[PDB]
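Working notes, beginning with the structure itself.
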Amino acid sequence: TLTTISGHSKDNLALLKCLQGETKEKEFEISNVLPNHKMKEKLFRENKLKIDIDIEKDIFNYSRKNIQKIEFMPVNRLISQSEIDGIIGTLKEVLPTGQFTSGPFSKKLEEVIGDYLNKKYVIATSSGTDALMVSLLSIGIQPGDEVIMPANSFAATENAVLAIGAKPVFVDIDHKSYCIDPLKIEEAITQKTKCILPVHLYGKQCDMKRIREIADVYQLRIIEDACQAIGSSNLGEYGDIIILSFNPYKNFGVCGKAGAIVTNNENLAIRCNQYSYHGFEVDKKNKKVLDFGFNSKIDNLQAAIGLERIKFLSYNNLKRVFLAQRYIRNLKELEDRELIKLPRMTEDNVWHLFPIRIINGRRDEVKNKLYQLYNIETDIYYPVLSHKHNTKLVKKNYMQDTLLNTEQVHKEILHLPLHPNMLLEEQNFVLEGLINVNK
Amino acid sequence: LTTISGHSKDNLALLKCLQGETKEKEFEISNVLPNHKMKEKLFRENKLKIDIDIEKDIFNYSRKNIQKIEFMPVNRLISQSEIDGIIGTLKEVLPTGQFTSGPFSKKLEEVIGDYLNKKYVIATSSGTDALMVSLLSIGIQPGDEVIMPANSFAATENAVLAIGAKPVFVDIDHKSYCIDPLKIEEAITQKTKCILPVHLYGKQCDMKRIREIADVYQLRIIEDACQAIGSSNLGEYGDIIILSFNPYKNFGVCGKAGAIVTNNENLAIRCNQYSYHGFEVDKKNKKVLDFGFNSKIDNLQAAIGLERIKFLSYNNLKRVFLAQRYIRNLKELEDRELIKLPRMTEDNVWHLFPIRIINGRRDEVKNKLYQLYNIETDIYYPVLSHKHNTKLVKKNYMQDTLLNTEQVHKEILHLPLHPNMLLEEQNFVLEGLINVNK
Amino acid sequence: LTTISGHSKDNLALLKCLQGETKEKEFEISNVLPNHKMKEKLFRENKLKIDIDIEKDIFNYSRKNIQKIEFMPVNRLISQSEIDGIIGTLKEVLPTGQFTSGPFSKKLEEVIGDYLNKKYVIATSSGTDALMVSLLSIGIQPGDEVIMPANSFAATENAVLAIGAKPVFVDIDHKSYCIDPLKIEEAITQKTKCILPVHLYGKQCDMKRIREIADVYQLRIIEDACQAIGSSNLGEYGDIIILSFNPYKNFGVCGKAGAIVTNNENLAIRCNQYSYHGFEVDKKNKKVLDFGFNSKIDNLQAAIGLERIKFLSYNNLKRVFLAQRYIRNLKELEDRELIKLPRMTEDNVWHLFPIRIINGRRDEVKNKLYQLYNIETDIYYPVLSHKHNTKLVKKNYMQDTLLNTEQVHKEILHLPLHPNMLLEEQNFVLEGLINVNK
Amino acid sequence: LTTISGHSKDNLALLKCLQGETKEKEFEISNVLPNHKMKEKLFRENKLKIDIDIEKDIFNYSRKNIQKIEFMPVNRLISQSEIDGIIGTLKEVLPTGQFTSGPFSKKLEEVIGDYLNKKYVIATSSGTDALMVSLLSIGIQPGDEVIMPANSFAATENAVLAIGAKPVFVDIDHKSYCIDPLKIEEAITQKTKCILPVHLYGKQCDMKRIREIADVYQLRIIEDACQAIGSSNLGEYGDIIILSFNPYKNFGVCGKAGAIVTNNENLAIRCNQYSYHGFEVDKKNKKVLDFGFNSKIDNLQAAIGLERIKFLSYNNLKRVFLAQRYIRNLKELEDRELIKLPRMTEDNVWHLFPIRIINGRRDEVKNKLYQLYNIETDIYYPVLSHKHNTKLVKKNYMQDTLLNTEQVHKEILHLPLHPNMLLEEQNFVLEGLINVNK
Ligand SMILES: Cc1ncc(COP(=O)(O)O)c(CN)c1O
Ligand SMILES: Cc1ncc(COP(=O)(O)O)c(CN)c1O
Ligand SMILES: Cc1ncc(COP(=O)(O)O)c(CN)c1O
Ligand SMILES: Cc1ncc(COP(=O)(O)O)c(CN)c1O
């Protein structure tokens, strides 16, 4: 009869159904962790859900504003004046300390992230790319070792493997989630394989249970690229190391670059900490114990900013799931008419990006006409597959690669604008263009 | 009439004139951003203020009672005027939402390019990252050798190691703590691709001579200038110059940052590409190079950098005053053959102030200074590159003998020197050094 | 497309658009100093922000619990942003040592001249001084008469009396609290030299009609616009306009200041001379007029004024939103013939918000509002000019009868209205006014 | 032992001590705000510091090279220490929103009343306004006569004229530039109401004798002391003393301010009412006087004044050292009958330093000092009161002949003298004045 909102995706889907009266027979409390701060302030009173919240008016301030155009991700809309005020307030305390490399806000953010993820050890880093590189080194990756990964992620995933001399081995995706197909991983394992690197793409989690099953047979490490999936329930249950990004355009970000390494493995965590600061023994500067390292810890200043901005995470993820649901329901007719395929609602998705598939070769037409005739920006995350860049490396090593389902899906994929400070009037403008263009 | 450019050579001229050690000379100050504070504090109607007193106006001497000295208290490296200006520019940057690339990044690159008189600047997320990217841009492959000294901060060797290349250590000179040009040629092999001199402690290496050797062997030069911002004529002979803007440098941001500086467009484009995932310039998600890093500066830190660089020439001027004051007031201890002091030169920006304690007395002096006199001194850096207990050292560097580097390492000691220290604090260090060497 | 100029008419058009009462209108904002805050808060990339919520973003509504209301708590008239900017400009002005006349004075004169579209501006030490000097500039001699209303702040009549001139009071109209043009002509004598209309509470008088009479009788018009800054087309028909920048005006400095504004160069030169000891312009110590005052603005206050005027159009917008909200939410009380409310007009800048409590109930409503409901209201101003207990009134004004002024004075009540008020505070006032009139 | 009170007499005594003209006395210093800088700079534990070198510790003589001399460069009249303290106090004033009256005004009136040993102080918006209000408070009516010198700043005569009263000019004496008390009596008519002596250049008039005449004729005395703050026993014989805190006075704020000082409670109450609209004190909008002005000090300027007055006794001491230095080092030129110098007296606070160049040479000397030596000198004031190019002078003062005033006017020249000048700058003046007279 009572759910305590933990700030993750499972409870956010349940809360939404309550708010929309799709259940209205359950009661909610909310936990006091920092990622719930804005949600608790906005939607709760004395740790009970406020009475008659109007999602459209109270959460999105729907007021029949007239819309002329839609940008896909206008960065000036992704931070709120309330966040800015809190950032200025905390920087007024950080700046006079002079502590701008390591510092107490870094440690606090590591503690918040560890609690939120239920992991023991957190190393906050200067980016998700750096987190991934360090984590590969900590598991003992050496030049020439093979890392199995999909070919449809952001370039950072493959780049971190290549930066340390290791070899991406691309495996195709499934037909349902844009995630690595686990039934194709075993075939790609070689004497040289050291690691499986699944990507929780667009905010949706891979089938980690089956991936872990294969990794245990072959004694392989799993490092999870969760850079788009913060807030997703049970993230990391099966991986050795989980990688986060706090890039400013992620569901949670700082005001600059940052990320994190998350693990329960103390051996790996200690090596990650050493490699992230020059190979030095922890808190013994200038004394190397590893052969080398990077300069890749988070900035204390960005950690302070992160501790302000993470207060909005639960609430902004709730707004994302509302918006994704609204797309799915309102484009359903285009799915019925076999013009598009839409994503489905699931408990794990945090909706960092909203993918649809435009069928029958029409994707480019729809994208171009959405822009030119309706002033609606859509985007393709990402426009070139890993084995298709026009680079010397591709011409040397991956000209043989054939990834059937990844390549076909790549001709169909289109992402719709979805970010938590968009107006519902802005989403309606996208909806009526997509319906209008499909006739 | 001379125009103060904000670099070390003009700062030395200005100091001599402020201290009454010059002829009737006049000064104007260039209206570049690194001179902003010096112009406000020392100039009036584009001329030197007639009424400047260094001790009371620049250092705010007030016979303050001092009980102890810390080497580098980080809260003293940032002033309240800096904080107010930083808050002001953060209120402009934050509502733009531009937190990766952005216009403050481009503006800092322009400001740095003008200050260094170089055509291309890539602002990076750290000096370490700038060095790693620059090594890749000149074509360094795993296995290639890079000639460098063994007495730098670990970042210098780490950037070489992170990309799979091989440090080859060469001994330092007999004066300036810098790589000995006379030892470089004997270390060149067919794998050598780069000479990586370090302008250690703020002092420049003898780059004209290093360039002579580099041209004979068709080698690149990448200069680690992470400690030397403001040094006059920096980079004249290097292919690429690396800067660090970490917070404890002579100029820093409020976090990590650095820069790659070069006149070579081909290298500059590759640096831009490698610093952002290998993508073509302004073509996110489209790689042209095989891979890259996520190593551009944060727009927010660039905005902070444009506010804090206002203080660079002024803080560098305070540093040279402090350095000169140590040299002049410790002269008796060098006359007595107990220490060796640095000399004043026009290129040094005095990021760190080294002395040498000879006759094996360095440890006793450092320890008594702290235990008896409550003075922190430090050794930058405590372990030489070929002497860490790492597998790499144990497998590769156990036969390296760097006789001057190792001997100087037994004698070096750094004295507190930072631009917001009080002259009362420096007097406290001076009295301890005199007293411990009776 | 409309360009927001920062005056009252455009503010009303913007307010209608922001409240959704408009048909697809687009706005630009003029890049003038009085629009600075509005541009940063409401505009982005040269257009209105698409995501503006008046209650949340402009008034920061948050269901704050309110327990009392003060009419004008002075600490709420200045924001922390204004303070940081003021400290910033004080750090520039103070080391110049320019504390009488100076360049910020001249710049404020230019900004005000631009904003009022008038050729000449003399910034003064107060609105009272501006009015005194302006009266002298038009040639007022002791004994000359000045026609004016009797319901203004005491400063208006005091400026006339200080130079030995004679106020001649005329009744107000039945709809605006302003001097009735239809009563002016009867008051003109051979001694009349000036008509002095007051734009009371921020509302403009009917100046076209007053100019018609002034031209027939070739009389000067000096407009007391000390409460009306920002009102569209202010001064169109006046010889000289007087402004006040006292801290509790719609735009104020941090001390006393005001201005004289005119297109007439002869008057402007005499104003300049009278405001600084009668000296010829820029000839200190050399008088050309018989005497003068020490009545220019302080350069330091002009610098503060240039920072605070950044908020003028935005704070005037918040005022007209508050005024509109009172009118709408008190409409039932006027329907019930308990009160009379002001109307929205394009000229009003809503310095003060007057209502009339009729049927003799004004005192009971005011007193119950405070003692029963903890709501401060006020009467600007409590004593009419011809009713003070002074020797001058007893000797000169005992036969004055101003029927409308006196009747309105028994019914007027001003409600709290200032731009940093919360909507929760305005709701508290509203509920109190509703409950006391059940 | 002498306790330094911060006035004229003790400064001269202390100067004679510091110079070894008498090193046989002990000094303490009182804790009043005007002594704050002197106590911090010259005392430890309320005893005079042992090490005091006037030239080095107080004037920072550094053998600086000087190219030119401006008479009163306003950017030298305020020190960075003052600026820092002003910014500090303004960060406390500004968030209060109290910018008209306020608690700093009251505190400054208390500090001034203790320093002057007077019971009542009304801090005003200028010394001119203070004088006008005080003339009205003693009952001056249009046509009443006020006896005054003709060589003061125009403000003295202007305050009389602005209220319709009539200046009656009296000649100055042959020793001090002050009103000759032996010429006052013959100017008294049945219209005389006030004698208005001017303590010109910081020197006190012979007030004992002027009061003897004023009692015989039942006249008020209002003393223009706008240049004489810190003068020992100031105001002993006057009904009201007028001060200016104009920023170029021996003590000033950062804007216009002044004060009315009196022991007469009836006069003080009327001054208070006249300085704020005629209202009863602490009851705005209720007039008790027929009119009034808007002439109280700004609370913000009072706050600045409480910071800047900390330097008053110390800056007055530097002035008297500088004056004594001119006197001793120009004695040559007086001995040769080229100039007349002032004499040291215990009452002079040395706001301006007058010499007389005789045998018609003044204008030649002033022009050559500027054209040939780049030394600015000035004549305070260039036009006598009865000589301005005005309609009033042509109507009323064409018969006035003031023999001594007019002859001295042909001779007077003021030498640069301000407390932050360098001794090197005064030497430059001394050498030019010697050389031009060779
Ligand atoms: C799936 C994925 N992986 C890795 C990264 C790299 O993260 P960062 O930008 O923090 O280096 C990104 C982009 N933030 C990403 O989207
Ligand atoms: C000589 C030297 N080189 C390289 C670096 C690396 O700079 P950064 O800290 O900006 O990575 C530093 C400072 N750590 C340095 O002092
Ligand atoms: C209508 C009116 N006229 C004149 C003034 C005088 O202005 P100041 O306070 O700037 O002297 C005021 C404000 N006191 C006023 O409100
Ligand atoms: C002798 C004298 N009297 C009166 C005044 C007028 O003082 P204020 O400038 O404060 O109005 C001055 C000049 N400040 C003056 O020098």
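First the proteins, then the strands, lettered A, B, ... as listed; each starts at 1. What's counted below: heavy atoms across the whole structure, side chains too, no hydrogens, waters or symmetry copies. Counting convention: from 1, in listed order, for ligands and their atoms alike.
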Exercise for the section: Report the part of D:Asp224 (side chain from C-beta onward, or backbone N, CA, C, O) that has a heavy atom under 4.0 Å from ligand 4; answer both or neither where that applies. Expected result: side chain
Practice task
Show which atoms of ligand 3 fall inside a sub-4.0 Å distance from at least one heavy-atom site of C:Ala155.
Solution key: 4 (C), 5 (C), 6 (C)
Practice task
With heavy atoms of D:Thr128 as the reference, note each atom of ligand 4 found under 4.0 Å away.
Solution key: 6 (C), 7 (O), 8 (P), 11 (O)
Handout entry: A:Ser296, B:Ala154, B:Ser126, B:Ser244: member with heavy atom nearest to atom 7 (O) of ligand 2
Key = B:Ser244
Problem - Contact atoms of ligand 2, heavy-atom distance to B:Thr156 under 4.0 Å - result: 3 (N)
Fill in the blank from the handout: re atom 9 (O) of ligand 2, the protein heavy-atom contact at minimum distance is B:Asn246 ND2, 3.1 Å
Practice task
Say whether D:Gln227 and ligand 4 are in contact under the criterion: heavy-atom distance to a ligand atom below 4.0 Å.
Solution key: yes
Handout entry: Main-chain N/O of B:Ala150 paired with B:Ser385 side-chain donor or acceptor, under 3.5 Å
Key = yes
Exercise for the section: Tell me which part of C:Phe293 gets within contact of ligand 4: side chain, backbone, both or neither, using heavy atoms under 4.0 Å. Expected result: neither
Handout entry: Heavy-atom check, side chain of B:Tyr248 versus side chain of B:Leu77, under 4.5 Å
Key = yes
Exercise for the section: Please state which part of D:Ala257 comes within less than 4.0 Å of ligand 4, counting heavy atoms only: side chain, backbone, both or neither. Expected result: backbone
Problem - Side-chain (C:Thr156) to main-chain (C:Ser152) donor-acceptor, under 3.5 angstrom - result: no
Fill in the blank from the handout: Per-atom filter on ligand 4: closer than 4.0 angstrom to a heavy atom of C:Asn294 are 8 (P), 9 (O), 11 (O)
Completion exercise
among protein heavy atoms, the one nearest atom 12 (C) of ligand 4 is D:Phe153 CD2, 3.6 Å
Handout entry: Cation-pi check, A:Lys297 onto A:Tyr277 ring (under 6.0 Å, within 45° of axis)
Key = yes
Problem - Test of proximity, C:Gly127 against ligand 3: N or O pairs below 3.5 Å - result: yes
Exercise for the section: Using non-hydrogen atoms of the residue, decide whether C:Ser152 is closer than 4.0 angstrom to ligand 3. Expected result: yes
Exercise for the section: Report yes or no: does a heavy atom of C:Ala159 sit under 4.0 Å from some atom of ligand 3? Expected result: no
Exercise for the section: Report the nearest protein non-hydrogen atom to atom 13 (C) of ligand 2: residue, atom name, distance rounded to 0.1 Å. Expected result: B:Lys249 NZ, 3.1 Å
Practice task
Under 4.0 Å, heavy atoms only, figure out whether ligand 3 is touched by the backbone of C:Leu200, its side chain, both or neither.
Solution key: neither
